[PDB]
Amino acid sequence: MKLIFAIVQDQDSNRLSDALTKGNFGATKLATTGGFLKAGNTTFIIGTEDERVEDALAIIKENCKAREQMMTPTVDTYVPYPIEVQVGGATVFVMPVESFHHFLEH
Amino acid sequence: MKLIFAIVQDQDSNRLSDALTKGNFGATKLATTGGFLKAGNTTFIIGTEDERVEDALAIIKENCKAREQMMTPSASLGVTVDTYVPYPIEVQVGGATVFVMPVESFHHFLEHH
Amino acid sequence: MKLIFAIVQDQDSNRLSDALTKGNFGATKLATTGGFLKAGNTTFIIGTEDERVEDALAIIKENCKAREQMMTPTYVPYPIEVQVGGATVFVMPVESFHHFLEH
Ligand SMILES: Nc1ncnc2c1ncn2[C@@H]1O[C@@H]2COP(=O)(O)O[C@H]3[C@@H](O)[C@H](n4cnc5c(N)ncnc54)O[C@@H]3COP(=O)(O)O[C@H]2[C@H]1O
Ligand SMILES: Nc1ncnc2c1ncn2[C@@H]1O[C@@H]2COP(=O)(O)O[C@H]3[C@@H](O)[C@H](n4cnc5c(N)ncnc54)O[C@@H]3COP(=O)(O)O[C@H]2[C@H]1O
Ligand SMILES: Nc1ncnc2c1ncn2[C@@H]1O[C@@H]2COP(=O)(O)O[C@H]3[C@@H](O)[C@H](n4cnc5c(N)ncnc54)O[C@@H]3COP(=O)(O)O[C@H]2[C@H]1O
Ligand SMILES: Nc1ncnc2c1ncn2[C@@H]1O[C@@H]2COP(=O)(O)O[C@H]3[C@@H](O)[C@H](n4cnc5c(N)ncnc54)O[C@@H]3COP(=O)(O)O[C@H]2[C@H]1O
C-alpha cells in the first residue's frame with residue numbers, strides 16, 4: 001500500500017476531488033501554503049493499493065494544469081509590475097505504508 | 001520509529017488528543033476535509049517508537065467511534081417557495097482511517113542563540 | 001528522494017521558509033496544533049533528494065530555535081515552563097516522485 005501526497009493549485013482542487021471519487025479513491029484534503037509564494041494551495045492525501053497508484057497519478061495528471069500565478073507584491077512612485085510565477089499542475093510524493101487500519105468501533 | 005496518520009471525526013478530536021497526552025504520546029493535528037462528504041474532519045500525525053505502535057493504535061481505536069453522518073442534501077433549485085427537507089441520506093463514517101508509515105530518521109533540534 | 005516532516009514554531013516559520021528557498025529547497029506548510037500545549041504551530045513538508053537531506057536538516061536546525069513556553073490553564077501560579085524544541089523532524093522514504101507540468 002502507498003500514501004500519496006499531491007500538492008495542487010486551489011483552482012483544480014474540486015475537479016480533482018470529484019475525479020478521485022469517481023475513480024473510487026478515498027482522499028483527504030488539507031489546506032496548505034507554499035514555501036515560495038506563501039499563498040494558499042491544496043494538499044491531497046490519497047491512500048491506495050500498490051496496483052492502483054498509477055491510476056491515481058493519472059487522475060491527478062489529467063485534472064491539474066500548470067499555470068502562471070501572480071505573487072503578492074525612488075523619489076517618484078511607480079505602479080509595480082505584476083510578478084508572474086510558473087506553478088506546476090501537481091507536486092506528488094508516493095510514500096510506502098507499513099500498515100493500514102480502519103477502526104469501526106462503536 | 002513510525003509515523004501514524006489518522007483521519008478521525010471532529011467529534012472525537014478533543015477526546016483523542018486528551019487520551020494521547022494521558023498516554024504520553026506526542027501528536028500534531030490539523031483540520032482537514034473528506035474527499036467524499038466534503039465536510040470537516042481532523043487528521044492526526046503521531047510519531048512513536050516501534051515498541052509503542054500497538055499502544056497508540058489502541059488509544060485511537062478506543063477513542064474514535066464509527067457514526068452515521070448526513071450527506072449534504074441536494075442544492076438543486078426548485079420553484080416552490082419553501083425550505084425543503086427530503087429524506088435524510090445517512091453515510092457510514094468509520095472511527096478512524098489510519099496509515100502507519102516507516103520513519104527513516106528522526107531529529108529533535110534544540111538549538112538556542 | 002525523502003520527505004521531511006518538520007514541526008516548528010510559528011515564529012520561526014517565515015525565516016525557515018526563506019532559508020529553504022535560499023538553499024534551493026521546495027516546501028509546503030500546514031497550519032497545525034500541538035497536542036500538549038494545544039497551541040498553533042507549523043508543519044513543513046519538504047521533499048528533497050537523498051543526498052541533500054542533511055543539508056535541509058542543517059537549514060532547519062540553523063533557523064529554528066528552542067523557546068520556553070509557559071503552562072496555562074483562584075490565582076496566577078508560580079510559572080511553570082516547557083521547552084518547545086526548534087523542530088521535531090521525521091524523515092520518510094519516498095517510493096516515487098512526480099512533477100506534472102501539462103498546461
Ligand atoms: N526559487 C524558487 N524556489 C521555489 N519555487 C520557485 C522558485 N522560483 C520559482 N518557483 C516556483 O514557485 C512555484 C510555487 O512554489 P510554492 O512553494 O508556493 O508552492 C509549491 C509547494 O507548495 C509545493 N512543492 C514544490 N516542491 C516541493 C518540495 N520539494 N517539497 C514540498 N513541497 C513542494 O508544490 C507547490 C508548487 O511547486 P512548483 O515547483 O510546481 O511551482 C513552484 C516553482 O516553479
Ligand atoms: N521492545 C521493542 N519493541 C520493538 N522494537 C524495539 C524494542 N526495543 C527496541 N526496538 C528497536 O530497536 C531500536 C532501538 O531501540 P533503543 O531502545 O536502542 O532506542 C529507543 C529508545 O531508547 C527510545 N525511546 C524513548 N522513549 C521511549 C519509549 N517510551 N518507548 C520505547 N523507546 C523509547 O527510542 C529509541 C528509538 O526507538 P525506535 O523504535 O525508533 O528504534 C528501536 C526499535 O526499532
Ligand atoms: N463512494 C464513496 N467514496 C468514498 N467514501 C464513501 C463512499 N460512499 C460512502 N463513503 C463513506 O464516506 C465516508 C466519509 O468519507 P470522506 O471522504 O468524507 O472522509 C474520509 C477521508 O477524509 C478519510 N479517508 C478514507 N479513506 C481514505 C484514503 N484511502 N486515503 C485518504 N483518506 C481517506 O477518512 C474519512 C472517513 O473515511 P471512511 O472510509 O471511514 O468513511 C467514508 C465512507 O464509508
Ligand atoms: N507529556 C509531556 N510531559 C511534559 N512535557 C511535554 C509533554 N509533551 C510535550 N511536552 C513539552 O511540550 C512541548 C510542546 O508540545 P506540543 O505537543 O504542544 O507540540 C509538539 C507537537 O506539535 C510536535 N510533536 C512532538 N512530539 C511529536 C510526536 N511524537 N508526534 C507528532 N508531533 C509531535 O512537536 C511540537 C513540539 O514538541 P517538543 O517536544 O519540542 O516540545 C514539547 C515538550 O517540551
# chains A, B, ... in the order shown; residues from 1 in each chain; ligands from 1

$ residues_around --residues "residue C:42" --least-positions-apart "2" --cutoff "10 Å" --atoms "only C-alpha atoms" --output "number ranges by chain"
B: 28, 30; C: 6-13, 29-34, 40, 44-45, 87

$ write_last_selection --atoms "N, CA, C and O atoms" --output "PDB file, in the first residue's frame"
ATOM      1  N   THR B  28       0.532  15.910  16.625  1.00  0.00           N
ATOM      2  CA  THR B  28       0.247  17.175  15.999  1.00  0.00           C
ATOM      3  C   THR B  28      -1.036  16.960  15.203  1.00  0.00           C
ATOM      4  O   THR B  28      -1.221  15.899  14.601  1.00  0.00           O
ATOM      5  N   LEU B  30      -4.361  18.659  12.559  1.00  0.00           N
ATOM      6  CA  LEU B  30      -4.867  19.701  11.711  1.00  0.00           C
ATOM      7  C   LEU B  30      -6.265  19.407  11.223  1.00  0.00           C
ATOM      8  O   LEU B  30      -6.660  18.274  11.044  1.00  0.00           O
TER       9      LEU B  30
ATOM     10  N   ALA C   6       8.600  18.449   9.375  1.00  0.00           N
ATOM     11  CA  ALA C   6       9.270  19.199  10.447  1.00  0.00           C
ATOM     12  C   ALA C   6       8.255  20.094  11.144  1.00  0.00           C
ATOM     13  O   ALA C   6       7.666  20.977  10.513  1.00  0.00           O
ATOM     14  N   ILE C   7       8.057  19.863  12.438  1.00  0.00           N
ATOM     15  CA  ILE C   7       7.106  20.608  13.199  1.00  0.00           C
ATOM     16  C   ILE C   7       7.878  21.707  13.909  1.00  0.00           C
ATOM     17  O   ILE C   7       8.773  21.422  14.749  1.00  0.00           O
ATOM     18  N   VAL C   8       7.543  22.960  13.579  1.00  0.00           N
ATOM     19  CA  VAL C   8       8.282  24.135  14.045  1.00  0.00           C
ATOM     20  C   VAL C   8       7.349  25.164  14.612  1.00  0.00           C
ATOM     21  O   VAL C   8       6.141  25.079  14.464  1.00  0.00           O
ATOM     22  N   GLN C   9       7.897  26.058  15.415  1.00  0.00           N
ATOM     23  CA  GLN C   9       7.060  27.113  15.979  1.00  0.00           C
ATOM     24  C   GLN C   9       6.676  28.182  14.963  1.00  0.00           C
ATOM     25  O   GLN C   9       7.430  28.490  14.018  1.00  0.00           O
ATOM     26  N   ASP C  10       5.504  28.781  15.151  1.00  0.00           N
ATOM     27  CA  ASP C  10       5.023  29.741  14.178  1.00  0.00           C
ATOM     28  C   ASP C  10       6.030  30.914  14.015  1.00  0.00           C
ATOM     29  O   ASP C  10       6.215  31.463  12.899  1.00  0.00           O
ATOM     30  N   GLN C  11       6.744  31.264  15.067  1.00  0.00           N
ATOM     31  CA  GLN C  11       7.566  32.450  14.958  1.00  0.00           C
ATOM     32  C   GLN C  11       8.847  32.236  14.172  1.00  0.00           C
ATOM     33  O   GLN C  11       9.469  33.204  13.705  1.00  0.00           O
ATOM     34  N   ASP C  12       9.151  30.961  13.908  1.00  0.00           N
ATOM     35  CA  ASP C  12      10.256  30.562  13.012  1.00  0.00           C
ATOM     36  C   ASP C  12       9.865  30.228  11.557  1.00  0.00           C
ATOM     37  O   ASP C  12      10.755  30.017  10.726  1.00  0.00           O
ATOM     38  N   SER C  13       8.579  30.210  11.270  1.00  0.00           N
ATOM     39  CA  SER C  13       8.060  29.690  10.011  1.00  0.00           C
ATOM     40  C   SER C  13       8.535  30.524   8.818  1.00  0.00           C
ATOM     41  O   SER C  13       9.033  29.986   7.837  1.00  0.00           O
ATOM     42  N   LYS C  29       3.622  24.136   3.678  1.00  0.00           N
ATOM     43  CA  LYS C  29       3.368  24.315   5.089  1.00  0.00           C
ATOM     44  C   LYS C  29       1.914  24.071   5.460  1.00  0.00           C
ATOM     45  O   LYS C  29       1.029  24.418   4.713  1.00  0.00           O
ATOM     46  N   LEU C  30       1.724  23.447   6.621  1.00  0.00           N
ATOM     47  CA  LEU C  30       0.422  23.047   7.169  1.00  0.00           C
ATOM     48  C   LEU C  30       0.271  23.823   8.485  1.00  0.00           C
ATOM     49  O   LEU C  30       1.212  23.907   9.277  1.00  0.00           O
ATOM     50  N   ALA C  31      -0.881  24.457   8.698  1.00  0.00           N
ATOM     51  CA  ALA C  31      -1.128  25.110   9.978  1.00  0.00           C
ATOM     52  C   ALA C  31      -1.704  24.065  10.941  1.00  0.00           C
ATOM     53  O   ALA C  31      -2.791  23.580  10.720  1.00  0.00           O
ATOM     54  N   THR C  32      -0.948  23.729  11.991  1.00  0.00           N
ATOM     55  CA  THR C  32      -1.232  22.614  12.825  1.00  0.00           C
ATOM     56  C   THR C  32      -1.383  23.094  14.267  1.00  0.00           C
ATOM     57  O   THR C  32      -1.182  24.295  14.561  1.00  0.00           O
ATOM     58  N   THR C  33      -1.688  22.134  15.136  1.00  0.00           N
ATOM     59  CA  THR C  33      -1.812  22.346  16.588  1.00  0.00           C
ATOM     60  C   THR C  33      -1.018  21.261  17.331  1.00  0.00           C
ATOM     61  O   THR C  33      -1.124  20.083  16.978  1.00  0.00           O
ATOM     62  N   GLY C  34      -0.285  21.638  18.395  1.00  0.00           N
ATOM     63  CA  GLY C  34       0.405  20.663  19.217  1.00  0.00           C
ATOM     64  C   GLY C  34      -0.552  20.047  20.223  1.00  0.00           C
ATOM     65  O   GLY C  34      -1.381  20.751  20.808  1.00  0.00           O
ATOM     66  N   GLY C  40      -1.161  26.786  18.288  1.00  0.00           N
ATOM     67  CA  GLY C  40      -0.847  26.700  16.870  1.00  0.00           C
ATOM     68  C   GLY C  40       0.659  26.613  16.602  1.00  0.00           C
ATOM     69  O   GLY C  40       1.479  27.204  17.323  1.00  0.00           O
ATOM     70  N   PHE C  44       6.099  21.703   8.331  1.00  0.00           N
ATOM     71  CA  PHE C  44       6.634  21.794   6.993  1.00  0.00           C
ATOM     72  C   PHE C  44       6.749  20.409   6.416  1.00  0.00           C
ATOM     73  O   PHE C  44       7.078  19.439   7.137  1.00  0.00           O
ATOM     74  N   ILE C  45       6.485  20.317   5.118  1.00  0.00           N
ATOM     75  CA  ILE C  45       6.706  19.124   4.354  1.00  0.00           C
ATOM     76  C   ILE C  45       7.692  19.483   3.281  1.00  0.00           C
ATOM     77  O   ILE C  45       7.461  20.429   2.525  1.00  0.00           O
ATOM     78  N   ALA C  87      12.618  22.152  16.357  1.00  0.00           N
ATOM     79  CA  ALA C  87      11.947  21.321  15.395  1.00  0.00           C
ATOM     80  C   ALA C  87      11.927  19.898  15.810  1.00  0.00           C
ATOM     81  O   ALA C  87      12.930  19.406  16.349  1.00  0.00           O
TER      82      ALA C  87
END

$ residues_around --residues "residue A:3" --least-positions-apart "5" --cutoff "9 Å" --atoms "only C-alpha atoms" --output "MDAnalysis selection string"
(chainID A and resid 45:49 53 93:97) or (chainID B and resid 99 101)

$ residues_around --residues "residue B:40" --least-positions-apart "4" --cutoff "9 Å" --atoms "only C-alpha atoms" --output "number ranges by chain"
B: 9-10, 31-34

$ interface_residues --of "chain C" --to "chain A" --cutoff "7 Å" --atoms "only C-alpha atoms" --output "ChimeraX atom specification"
/C:17,21,26-30,93-103

$ atom_distance --atom1 "atom CA of residue C:19" --atom2 "atom 34 (O, counted along the ligand's line) of ligand 2"
29.9 Å

$ residues_near_ligand --ligand "ligand 3" --cutoff "6 Å" --atoms "only C-alpha atoms and all ligand atoms" --output "MDAnalysis selection string"
(chainID A and resid 21 24 26:28 45:48) or (chainID B and resid 7 33:38 91:94 97)

$ interface_residues --of "chain A" --to "chain B" --cutoff "6 Å" --atoms "only C-alpha atoms" --output "list in words"
residues 17, 27, 28, 29, 30, 97, 98, 99, 100, 101, 102, 103, 104, 105 and 106 of chain A

$ interface_residues --of "chain C" --to "chain B" --cutoff "9 Å" --atoms "only C-alpha atoms" --output "number ranges by chain"
C: 2, 7, 30-36, 41, 43, 57, 60-62, 64-67, 83-93

$ atom_distance --atom1 "atom 16 (P, counted along the ligand's line) of ligand 1" --atom2 "atom CA of residue A:82"
16.9 Å

$ select_by_dssp --residues "chain A" --states "alpha helix (DSSP H)" --output "list in words"
residues 10, 11, 12, 13, 14, 15, 16, 17, 18, 19, 20, 21, 22, 53, 54, 55, 56, 57, 58, 59, 60, 61, 62 and 63 of chain A

$ write_last_selection --atoms "N, CA and C atoms" --output "short mmCIF file (atom, residue, chain, number, x, y, z; two decimals), in the first residue's frame"
data_model
loop_
_atom_site.label_atom_id
_atom_site.label_comp_id
_atom_site.auth_asym_id
_atom_site.auth_seq_id
_atom_site.Cartn_x
_atom_site.Cartn_y
_atom_site.Cartn_z
N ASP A 10 -5.35 25.53 -5.87
CA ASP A 10 -6.74 25.66 -5.40
C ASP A 10 -7.76 25.58 -6.57
N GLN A 11 -7.44 26.17 -7.72
CA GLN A 11 -8.37 26.14 -8.89
C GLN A 11 -8.72 24.73 -9.36
N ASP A 12 -7.84 23.75 -9.12
CA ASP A 12 -8.05 22.38 -9.59
C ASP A 12 -8.60 21.45 -8.51
N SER A 13 -8.73 21.98 -7.30
CA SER A 13 -9.00 21.15 -6.12
C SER A 13 -10.31 20.40 -6.26
N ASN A 14 -11.36 21.12 -6.60
CA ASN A 14 -12.66 20.47 -6.63
C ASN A 14 -12.79 19.47 -7.78
N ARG A 15 -12.26 19.80 -8.95
CA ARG A 15 -12.26 18.90 -10.06
C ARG A 15 -11.49 17.61 -9.78
N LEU A 16 -10.32 17.72 -9.16
CA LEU A 16 -9.53 16.57 -8.75
C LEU A 16 -10.30 15.70 -7.74
N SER A 17 -10.82 16.35 -6.72
CA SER A 17 -11.55 15.64 -5.68
C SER A 17 -12.70 14.83 -6.31
N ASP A 18 -13.47 15.47 -7.16
CA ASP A 18 -14.57 14.76 -7.84
C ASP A 18 -14.07 13.62 -8.72
N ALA A 19 -12.96 13.82 -9.44
CA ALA A 19 -12.41 12.75 -10.24
C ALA A 19 -11.88 11.57 -9.42
N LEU A 20 -11.29 11.84 -8.25
CA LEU A 20 -10.80 10.76 -7.38
C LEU A 20 -11.98 9.93 -6.87
N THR A 21 -13.05 10.62 -6.51
CA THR A 21 -14.28 9.97 -6.04
C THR A 21 -14.93 9.13 -7.14
N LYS A 22 -15.03 9.70 -8.34
CA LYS A 22 -15.47 8.95 -9.50
C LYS A 22 -14.66 7.73 -9.78
N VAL A 53 -1.81 2.82 -7.79
CA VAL A 53 -1.06 4.10 -7.72
C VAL A 53 -0.97 4.80 -9.05
N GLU A 54 -0.62 4.07 -10.12
CA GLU A 54 -0.54 4.71 -11.45
C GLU A 54 -1.89 5.22 -11.91
N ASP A 55 -3.00 4.56 -11.52
CA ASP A 55 -4.30 5.10 -11.86
C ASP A 55 -4.56 6.44 -11.13
N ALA A 56 -4.20 6.51 -9.83
CA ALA A 56 -4.40 7.73 -9.09
C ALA A 56 -3.58 8.87 -9.70
N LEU A 57 -2.34 8.56 -10.05
CA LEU A 57 -1.45 9.54 -10.67
C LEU A 57 -2.00 10.03 -12.00
N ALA A 58 -2.68 9.17 -12.75
CA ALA A 58 -3.23 9.58 -13.99
C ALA A 58 -4.40 10.50 -13.79
N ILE A 59 -5.21 10.25 -12.77
CA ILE A 59 -6.25 11.18 -12.41
C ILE A 59 -5.70 12.55 -12.01
N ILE A 60 -4.63 12.56 -11.21
CA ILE A 60 -4.02 13.81 -10.83
C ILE A 60 -3.52 14.56 -12.09
N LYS A 61 -2.75 13.87 -12.92
CA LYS A 61 -2.20 14.48 -14.14
C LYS A 61 -3.29 15.08 -15.02
N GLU A 62 -4.40 14.36 -15.15
CA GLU A 62 -5.45 14.74 -16.08
C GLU A 62 -6.37 15.84 -15.53
N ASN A 63 -6.29 16.13 -14.23
CA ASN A 63 -7.16 17.10 -13.64
C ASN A 63 -6.45 18.37 -13.12
#

$ closest_residue --among "C:37, C:24, C:48, C:14" --to "residue C:1" --atoms "only C-alpha atoms"
C:48

$ residues_near_ligand --ligand "ligand 2" --cutoff "7 Å" --atoms "only C-alpha atoms and all ligand atoms" --output "number ranges by chain"
B: 1, 49-52

$ write_last_selection --atoms "N, CA and C atoms" --output "mmCIF file, in the first residue's frame"
data_model
loop_
_atom_site.group_PDB
_atom_site.id
_atom_site.type_symbol
_atom_site.label_atom_id
_atom_site.label_comp_id
_atom_site.auth_asym_id
_atom_site.auth_seq_id
_atom_site.Cartn_x
_atom_site.Cartn_y
_atom_site.Cartn_z
ATOM 1 N N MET B 1 11.177 3.647 14.490
ATOM 2 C CA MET B 1 10.085 4.648 14.763
ATOM 3 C C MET B 1 9.089 4.604 13.595
ATOM 4 N N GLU B 49 7.810 5.366 18.867
ATOM 5 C CA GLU B 49 8.763 4.272 18.746
ATOM 6 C C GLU B 49 8.042 2.956 18.388
ATOM 7 N N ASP B 50 8.765 2.048 17.744
ATOM 8 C CA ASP B 50 8.170 0.770 17.282
ATOM 9 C C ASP B 50 7.456 -0.012 18.416
ATOM 10 N N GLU B 51 8.069 -0.058 19.592
ATOM 11 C CA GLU B 51 7.510 -0.705 20.772
ATOM 12 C C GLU B 51 6.119 -0.239 21.133
ATOM 13 N N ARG B 52 5.810 1.042 20.802
ATOM 14 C CA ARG B 52 4.621 1.731 21.294
ATOM 15 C C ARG B 52 3.480 1.809 20.276
#

$ atom_distance --atom1 "atom CA of residue A:23" --atom2 "atom CA of residue B:74"
21.5 Å

$ select_by_dssp --residues "chain C" --states "strand (DSSP E)" --output "PyMOL selection string"
chain C and resi 2-8+28-34+40-48+67-70+81-84+87-93+96-100

$ closest_residue --among "C:46, C:39, C:80, C:56" --to "ligand 1" --atoms "only C-alpha atoms and all ligand atoms"
C:46

$ closest_residue --among "A:71, A:76, A:1, A:52" --to "ligand 1" --atoms "only C-alpha atoms and all ligand atoms"
A:71

$ residues_around --residues "residue C:70" --least-positions-apart "3" --cutoff "7 Å" --atoms "only C-alpha atoms" --output "list in words"
residues 79, 80, 81 and 82 of chain C
